[PDB]
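Undergrad: Return atomic coordinates for the entry below.
(5 chains)
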Amino acid sequence: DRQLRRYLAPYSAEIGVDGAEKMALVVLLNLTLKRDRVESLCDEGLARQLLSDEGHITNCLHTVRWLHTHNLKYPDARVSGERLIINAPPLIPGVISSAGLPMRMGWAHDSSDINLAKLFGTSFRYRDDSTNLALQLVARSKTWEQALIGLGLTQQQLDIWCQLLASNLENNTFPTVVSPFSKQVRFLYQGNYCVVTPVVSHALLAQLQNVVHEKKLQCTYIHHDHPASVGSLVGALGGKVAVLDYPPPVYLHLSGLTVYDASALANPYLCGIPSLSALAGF
Amino acid sequence: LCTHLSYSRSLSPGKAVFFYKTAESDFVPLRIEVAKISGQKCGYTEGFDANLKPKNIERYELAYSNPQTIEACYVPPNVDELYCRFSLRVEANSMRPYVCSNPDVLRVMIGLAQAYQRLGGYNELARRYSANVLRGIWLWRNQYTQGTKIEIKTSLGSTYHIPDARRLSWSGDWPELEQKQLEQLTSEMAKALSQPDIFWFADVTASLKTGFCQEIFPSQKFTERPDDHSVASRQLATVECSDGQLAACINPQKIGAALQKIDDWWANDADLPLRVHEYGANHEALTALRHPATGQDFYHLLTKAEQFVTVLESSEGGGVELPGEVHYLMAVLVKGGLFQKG
Amino acid sequence: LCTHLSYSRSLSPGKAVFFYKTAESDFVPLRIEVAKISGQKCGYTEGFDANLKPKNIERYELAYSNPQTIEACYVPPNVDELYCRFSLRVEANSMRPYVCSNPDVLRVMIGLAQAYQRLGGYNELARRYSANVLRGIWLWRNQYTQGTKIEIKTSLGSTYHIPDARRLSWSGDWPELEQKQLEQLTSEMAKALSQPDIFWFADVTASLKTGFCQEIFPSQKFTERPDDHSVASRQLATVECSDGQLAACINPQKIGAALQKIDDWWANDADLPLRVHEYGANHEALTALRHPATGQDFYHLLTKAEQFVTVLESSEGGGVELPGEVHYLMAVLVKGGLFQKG
DNA sequence: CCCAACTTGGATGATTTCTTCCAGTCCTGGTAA
DNA sequence: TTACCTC
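TA: Numbering: from 1, shown residues only, chains lettered A, B, ... in the order given. The protein structure is shown below:
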C-alpha cells in the first residue's frame, strides 16, 4: 500500500516502530530501490539480499555526510559548499520559529541520492521520541543491532560501520567561507554594522506543509524545476511546496508614492504584505 | 379516456366600447376620471376581536374619516343617449377535436356530433344563445336605463330590431312581432354552429337612453394591494383609440360570460340558469351544483358516449327524446378546453 | 453512408409583420398589451384521483376563481383593413452536397439530381409550393376574415393578383383566371429551383378585411413554467422598429412550416398532406407515419439511390411515371440538413 | 397648523431537453567518471 | 570527453 510510503515521507506525521524493529529494517532497506523494481517493501528475502551487498550499503553510508538541520541551497540549487547543523535558537515570546520544535534532519547533495539516502535519513518515533536509523546505530542501541545481525549482517561488518557511520556525523557542521551564490544583507547591531545571511529551517517548513492542509488555512504553491537538485522535502512533494497567503483587506509626510513590481513573497513561508525589514532598510 | 384531447372555442366576441355622437364629429369616446375621497371607519374588526371585548378604542377614534383614491365614470352634461358596440363571430367548430391521441376515441366523438346534428338540437342551443343577445343581459349592471334599443346587422344581409329590450324574460312568451325575430335569428345561428365553411359575422349596437349625469359601470382591473398610497385602489379598464385617446370598455370574456349563461338542466327544477361549467359552479351562493359526489359532472358523463350514441341512433328524431345529459355535454364541447391526462 | 454529408436550405422566408395605414402616415405597427384575468378551477385532478372518489373537497372550495396573467392583441377601433408582409428568396441549391467525405457517394448524388431534372420533376415540386403561397395558408389561425386579398411581385417583372383567396383547395380545380396565374408562377419558380446564378426574389403582401375589434394571433414564445406570479404565462413574439416602436410578427420558421407542407405520398391514399419530415411526424395525432419499422423512412430509401438512378436513366420521362419514392427524396434534399454516421 | 390611511375569497394541466471531429512546438540542469 | 534522475 502506497500509504506506507506516505507515512514515511518527510511531510507526514511520524509513526511508531516499537517492537517492530525487524520489519522496520526490511522496509527501510527496500526503499533504496527504484519503485519499478519492487513488488513489496515487506519481502524479507530481498532485504537479506540487499544487506549482503557491501557496495550498495557503502553508497548509502556515504549520504550521511550531507544530512543537515538547515538547507543553504533551498531557494537556489546553484549554491555550492558545506552543510549546516545547529540546535534551534532560544524561544522569543513574540516570534514564531524553530525554537518550539523537536530536532529533525534532511538530505541535499548531488540529486542522484534520492533512494540511497532513505536507508539512514528516514525518521520515525521510537521509545516515545523522534529518532532515525543512523542515530540508533551510532548510539549503540542493542535492540536494532540484534535485529540487524539476525537479518544476516556479520558482527565484524557492524563493528566497522558503527565507526564509519559515527565519523560522518562528527565534523563539517559549519561552512568554512561564505558561498558566492548566498544572500548577504547589512544593518546596525550594538552601534555598528553586521552582515546577515538567512537560511530555511527543515523542521519548520516540513511542519507547515501538514498544518495548512489539516487546519484549512489560506495558502498557495511555489514550483521548483529539477526537485532532486534542491532537497529531500521538495522532491517528496513533487516540486510543489505550500506557503501561507494572507493579503491586506484593500514629522515628514510623503504622499502619492508608486512602486512597480514589488516582491510580494516576504519569506519562503508567507505571501502578503512586503517584509517590514525592507521598510526599516528604506 | 386518453392522454391528449382538446377542443377549440367555437363562439366568441371582441370587446365592447362606449361612445357618443356630436353634431360635428361622429365618434367621441366616453372617458374616465380619477379622484380622492373621504370614507368611513366601519364594519367588523374595526371595533372587534373574535367578537369579544371590542378592543380599547376611545369614543373619538371612530369619528375620523378613512381616506381612499378611486376611479369613477360619469356621462357629461347634455348628452341624451349613449352607444355601446361589439362584433361577434361564430364557427362550426365542435364537429371535430382539435387534438386527439386515440383513434377509437376519435371515431366516437365524431359519430356523436353527427348523430346529434341530424335529430335536431342545434336549434335548441341556438335558440338559447339568441335569446340572450336580444334580451340585452350583456350590459350587466348598466341595464337600468329609461329605454334600451338593440339592432343587429349580419353578414348575410338580415337586420333585426328590438324597439325596447327592457322587459324580455328568460321564461315567458315574447310579445308579437318580436317572437318573429327570435325565430329568424335562431335559424341563421343554428346553421352557423354546425355547417362548415360559412363565414358568419354579427354586428351588435345598442342604445342607452340615460339620466342627467348617470354613472357608468365598465370592467375593473384585477390588481394587488397598493402600498405607495398614491395609486388608485380601484381601477377601470380602457382602450386606446387610433389617435391616442382612451375609452371605457367591457372585456371580451365578460361579454362572453353573459352570452353563454344557459344552463338550467339540473335537479329537474329550472330556476335561473348557470354559466356553463364542468362542475356547475354557482358564484352567487359560492357553491357547486354538479359536484363530483353527485355523478352529475362533465367527467362522469364524458364516459357514457357509447350509450348515448346508441340511444340517439335508435330514436326517430325531431321529437322530445333528447335528455338533459346529452344537451349538457354538447354545451360543454361548444365552450372548448382541455379534457386531458385521463 | 459516410462520416460527413450535408445539404443547405434552398428555400426561405424572412419574417412577417402586421401593420396598418393612416391618412397621414404609411407604416403604423400593430402592437400587443398585457393583462390580469380571473379563470376557472376545472379539469381532471382538480377534483379527481385515479378516477376514484373525488378526494375530500368541500362543495364551496371549487367555486373560487383561478387568476392568470396573459399577453393578448386586438385591432384598435375604426381601422378598416390590416396588412401583413414578408419577403422570399429561392436558390438553386439542391444540385450539390455542401459537404461530402466520399467521392463515390458524391458522383451518385450528382447523377441523381441531374437524371431527375431532365425528365421533368421540378415542375411538380414548384407547382405544390406555388399553390401554398397563393392559397394563403401561411396566415395559420388568422384566415377567418371578411375577405383576403393577396398580391405578389417578383425580380423578373411579373405581378400576380388573387382578388379573394378564401376558398381555394388543396385538391380541386381553381376558378378561371386564377388557374392561369398558378401556371405562370410555377414556371418562374421551377427555374429558380433548378438553374444557377438567377437571383430570384418575391415580395408577398396580403390584406385582411376585419371585424370591429377582432383578435389577432401572432407567434408565441417557448417558455418554462414560471413561479414568480408576476410574469405572463403566455408571451408573444414582436420585432423592434428602427424608431424604437415594437410590432407583432410571425417567426420565419412558422411561415416556412406552412409553405413546405406538401407531402401526401404515403399509404396510397392522399388525404391531407404532412410537413416534410424524415420520419413522417404527424403533429395533430401525435404519431409518425414513416416509422422505421415500415421501411418507408428517408434512411432506408437513401440507400437505394443506385437503383433509382438506373430506372430514371432507362425511363423515357415527360409523363407521370415517376414513383412516390423519388419525389419524396427530392423534397427532403430541398429542406437540407445532416445525413450522416452510417 | 390639524386630524385621520381599509376586511375577504382566492395564484394552474400535458409531454418532449440531439448529432460530428479535431486538442501544435521551441529555447531555457549539477554532478560524477 | 560521456551519461544519471523527482508524484
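Undergrad: Contact partners for residue B:33?
TA: Each residue near residue B:33 by C-beta atoms under 8 Å, 6 or more residues apart in numbering or on different chains is listed here: B:71-74. The C-beta positions use only the backbone N, C-alpha and C, and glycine is treated the same way.
Undergrad: Just the closest residue of the stretch 101-250 of chain B to DNA strand D, please.
TA: Of all residues in the stretch 101-250 of chain B, residue B:229 sits closest to DNA strand D, at 4.7 Å by C-beta to the nearest atom of the strand.
Undergrad: hmm, back to that, make a ChimeraX selection of whichever of the contacts of residue B:33 turn out to be buried.
TA: Filtering the contacts of residue B:33 down to the buried ones (16 or more other C-beta atoms under 10 Å in any protein chain shown) takes a single ChimeraX command:
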select /B:71,73
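Undergrad: What ranges does the stretch 51-200 of chain B have for its helices?
TA: Ranges of helices within the stretch 51-200 of chain B are B:103-117, B:122-135, B:179-194, based on DSSP state H, counting those that start in this stretch.
Undergrad: Which other helices and strands does the second one contact?
TA: For helix B:122-135, the helices and strands in contact under the criterion 3 or more C-beta pairs under 8 Å, 6 or more residues apart in numbering or on different chains; DSSP states H and E are strand B:148-153, helix B:179-194, helix B:252-259, helix B:324-334.
Undergrad: what comes into contact with the very next helix or strand once past the third one?
TA: What that stands for is helix B:252-259. Downstream of helix B:252-259, the first helix or strand assigned by DSSP states H and E is strand B:281-282. Contact with strand B:281-282 is made by B:274-275, B:287-289, C:40, C:62-63, as judged by C-beta under 8 Å, 6+ apart.
Undergrad: Relative to its centre, which residue of chain A is most distant?
TA: Within chain A, the residue lying farthest from the chain centre (C-alpha atoms, centre = their mean) is residue A:251, at 47.9 Å.
Undergrad: element containing that one?
TA: Per DSSP H and E, there is no helix or strand for residue A:251.
Undergrad: In contact with it, which residues?
TA: Per C-beta under 8 Å, 6+ apart, neighbours of residue A:251: none.
Undergrad: ok, now residue B:77?
TA: Contacts of residue B:77 by C-beta under 8 Å, 6+ apart are B:212-213.
Undergrad: Apply 7 Å and report the result again.
TA: residue B:213 (C-beta atoms under 7 Å, 6 or more residues apart in numbering or on different chains).
Undergrad: Roughly how far does it sit from residue B:210?
TA: Noted for residue B:77: a distance of 12 Å to residue B:210, by C-beta to C-beta, to the nearest Å.
Undergrad: ok, how many other residues are close to residue A:226?
TA: Residues lying near residue A:226 (other C-beta atoms under 10 Å in any protein chain shown) number 11.
Undergrad: any idea where the strands of chain A begin and end?
TA: A:67-68, A:70-71, A:106-107, A:123-126, A:129-132, A:185-189, A:192-196, A:200-201, A:219-223, A:240-245, A:265-267, A:270-271 (DSSP state E).
Undergrad: got those as TSV, with mean neighbour count and distance to residue C:2 columns?
TA: Shown next, in TSV, are the strands of chain A (neighbours: other C-beta atoms under 10 Å in any protein chain shown; distance: least, C-beta to C-beta, whole Å):
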stretch	mean neighbour count	distance to residue C:2
strand A:67-68	22	68
strand A:70-71	21	64
strand A:106-107	24	62
strand A:123-126	19	66
strand A:129-132	15	68
strand A:185-189	10	72
strand A:192-196	9	75
strand A:200-201	20	64
strand A:219-223	13	48
strand A:240-245	18	48
strand A:265-267	15	58
strand A:270-271	16	57
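Undergrad: Please tell me I have it right and residue A:78 contacts residue A:181.
TA: Yes - using C-beta atoms under 7 Å, residue A:78 is in contact with residue A:181, at 4.8 Å.
Undergrad: Between the two, point out the one with more neighbours.
TA: residue A:181 (14 against 11).
Undergrad: Surely that one and residue A:81 touch.
TA: No - using C-beta under 7 Å, residue A:181 is not in contact with residue A:81, being 9.2 Å away.
Undergrad: Now tabulate the strands of chain A in CSV and tack on distance to DNA strand D.
TA: Converted to CSV, the strands of chain A look like this (distance: least, C-beta to the nearest atom of the strand, whole Å):
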stretch, distance to DNA strand D
strand A:67-68, 14
strand A:70-71, 13
strand A:106-107, 13
strand A:123-126, 25
strand A:129-132, 23
strand A:185-189, 23
strand A:192-196, 24
strand A:200-201, 17
strand A:219-223, 12
strand A:240-245, 17
strand A:265-267, 21
strand A:270-271, 23
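Undergrad: With distance to chain C added, can I get these in JSON lines?
TA: Putting those into JSON lines (distance: least, C-beta to the nearest C-beta, whole Å) gives the following:
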{"stretch": "strand A:67-68", "distance to chain C": "63"}
{"stretch": "strand A:70-71", "distance to chain C": "59"}
{"stretch": "strand A:106-107", "distance to chain C": "58"}
{"stretch": "strand A:123-126", "distance to chain C": "61"}
{"stretch": "strand A:129-132", "distance to chain C": "63"}
{"stretch": "strand A:185-189", "distance to chain C": "65"}
{"stretch": "strand A:192-196", "distance to chain C": "67"}
{"stretch": "strand A:200-201", "distance to chain C": "59"}
{"stretch": "strand A:219-223", "distance to chain C": "42"}
{"stretch": "strand A:240-245", "distance to chain C": "41"}
{"stretch": "strand A:265-267", "distance to chain C": "50"}
{"stretch": "strand A:270-271", "distance to chain C": "45"}
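Undergrad: So which of those is nearest residue A:117?
TA: strand A:106-107 (4.7 Å; C-beta to C-beta).
Undergrad: coming back round to it: out of the helices and strands packed on helix B:122-135, which comes closest to residue B:116?
TA: When these are ranked by proximity to residue B:116, the top entry is helix B:324-334, at 6.4 Å, counting by C-beta to C-beta.
Undergrad: I'd like to know how many residues surround residue B:234.
TA: For residue B:234, the neighbour count with other C-beta under 10 Å is 13.
Undergrad: tell me the contacts of it?
TA: B:70-71, B:220.
Undergrad: Distance to residue C:182 added to the contacts of residue B:33, as JSON lines?
TA: What follows is the contacts of residue B:33, written out as JSON lines (distance: C-beta to C-beta, whole Å):
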{"residue": "B:71", "distance to residue C:182": "56"}
{"residue": "B:72", "distance to residue C:182": "60"}
{"residue": "B:73", "distance to residue C:182": "55"}
{"residue": "B:74", "distance to residue C:182": "59"}
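Undergrad: Which of the contacts of residue B:33 fall within strands?
TA: Per DSSP E, the contacts of residue B:33 map to strands at B:71-72.
Undergrad: Looking at the contacts of residue B:33, which is nearest DNA strand D?
TA: residue B:71 (12.9 Å).
Undergrad: Now do the end-to-end distance for stretch B:194-213.
TA: 45 Å (C-alpha to C-alpha, to the nearest Å).
Undergrad: Indicate whether it makes contact with chain C.
TA: Yes - for stretch B:194-213, a contact with chain C is found by C-beta under 7 Å from any C-beta of the partner chain, at B:199, B:201, B:203.
Undergrad: Roughly how far does the closest residue to the last one other than its chain neighbours sit from residue B:171?
TA: This points to residue B:203. Among residues not flanking residue B:203 along the chain, residue B:153 sits closest, at 5.1 Å (C-beta to C-beta, 6 or more residues apart in numbering or on different chains). In this view, residue B:153 and residue B:171 are 28 Å apart by C-beta to C-beta.
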